[PDB]
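In the block that follows, a single chain appears as structure tokens, in the form deposited without this ligand.
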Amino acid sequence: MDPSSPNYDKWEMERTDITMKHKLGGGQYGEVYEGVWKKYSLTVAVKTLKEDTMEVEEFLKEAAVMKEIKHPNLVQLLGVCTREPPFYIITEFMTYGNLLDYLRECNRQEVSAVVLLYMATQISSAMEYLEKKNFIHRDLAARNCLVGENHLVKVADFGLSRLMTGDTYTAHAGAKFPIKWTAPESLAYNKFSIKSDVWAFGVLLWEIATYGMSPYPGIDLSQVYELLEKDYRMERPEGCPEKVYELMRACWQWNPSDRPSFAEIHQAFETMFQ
């Protein structure tokens, strides 16, 4: 917009510059469309807001939040169109889609053990950065990660709460939570911190080591807490290095203060990967 204007925002861009297309992922992400940033012949993802919905306040808050973060392993904000409806939030488009489906559909000969370790290392790096900035993710899981070229992985947040139609998210006082990725303190006291993100990261590592399997297979949601309290934890996935599993259990300590920090988790992975 206008550089001299009192309301100048470098991120605001021209709605006309983007060629809007079909909805991304057959609708799995919601009101997110594939687009073409003409000026650069660049394919992008454009999240928008339904036909004037009572969520503008939340939408704009997301946009503001994204303008505050930047890291090679966090989906990159490219611009916004929150001056006049329909509101837009544009980020890069990741060629191979979300990590969950990527892991389930990949060439396992290509996506070997070293590659899995590499993917977990990139994710821990992004979280280490959010930790540093005192930000909290709240919904860390393979489904919220994107895969680019050369196994580049980036953490995102698609606000899947009401989008998912499966048993991943379950109701709780007008809100939905992915019970199998939620820390005990979060299920019991609605307390979310970077430590509950670390617990969720533990589950994510499990998803990665199993090439995308569902957590606590077979166990019904209503008994998960009790079991975690009884000190039950997921077994070491087949082929999962001892060191990585050791990391998993540390993330699953009942007491959050006893869980390693992402700084420690990442430092550990670097050592390993090398």
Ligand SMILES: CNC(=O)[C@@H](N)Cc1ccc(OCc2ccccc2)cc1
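In this text, rigid core is short for the largest set of C-alphas that superpose within 1.5 Å between two forms. Quick note: we count residues from 1 along the sequence shown, nothing fancier.
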On a core superposition, give the stretch, 176-184 or 153-161, with the larger average C-alpha separation from this form in 8 other deposited structures of this protein (RMS over structures and residues).
153-161
Of 83-91 and 167-175, which departs more from this form in 8 other deposited structures of this protein by CA RMS after core fitting
167-175
At least a third of the other compared entries lacking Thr53?
yes
Comparing mean C-alpha B factor in the record for 141-149 and 160-168, the higher one is 160-168
Given 256-264 and 15-23, the range whose Cα B-factors average higher in the PDB entry:
15-23
So if I compare the CA B-factors in the entry for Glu207, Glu62, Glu51, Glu68, which one is the largest?
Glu51
For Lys176, does the deposited CA B-factor place it in the lowest, middle or highest third of the chain?
highest
By its CA B factor, does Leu103 count among the lowest, middle or highest third of the modelled residues in the chain?
lowest
Within this chain's modelled residues, let me know which third the CA B factor of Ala45 belongs to: lowest, middle or highest.
lowest
Can you tell me whether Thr91 has a C-alpha B-factor in the lowest, middle or highest third compared with the other modelled residues of the same chain?
lowest
Position of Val75 among the chain's modelled residues by C-alpha B-factor, lowest, middle or highest third:
lowest
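Quick note: we don't show the form deposited with this ligand bound, though the next part is all about it.
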For a quick test of understanding: in the deposited bound form, does each of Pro184, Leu228 and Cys251 have a heavy atom within 4.5 Å of this ligand?
no
With the partner left out of view, is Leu49 within 4.5 angstroms of this ligand in the deposited bound form by any non-hydrogen atom?
no
Using 4.5 Å between non-hydrogen atoms, is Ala113 touching this ligand in the deposited bound form?
yes
is_contact(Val244, this ligand) in the deposited bound form, heavy atom dist at most 4.5 Å:
yes
Is it the case that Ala120, even though its partner is missing from this view, gets within 4.5 Å of this ligand in the deposited bound form, heavy atoms only?
yes
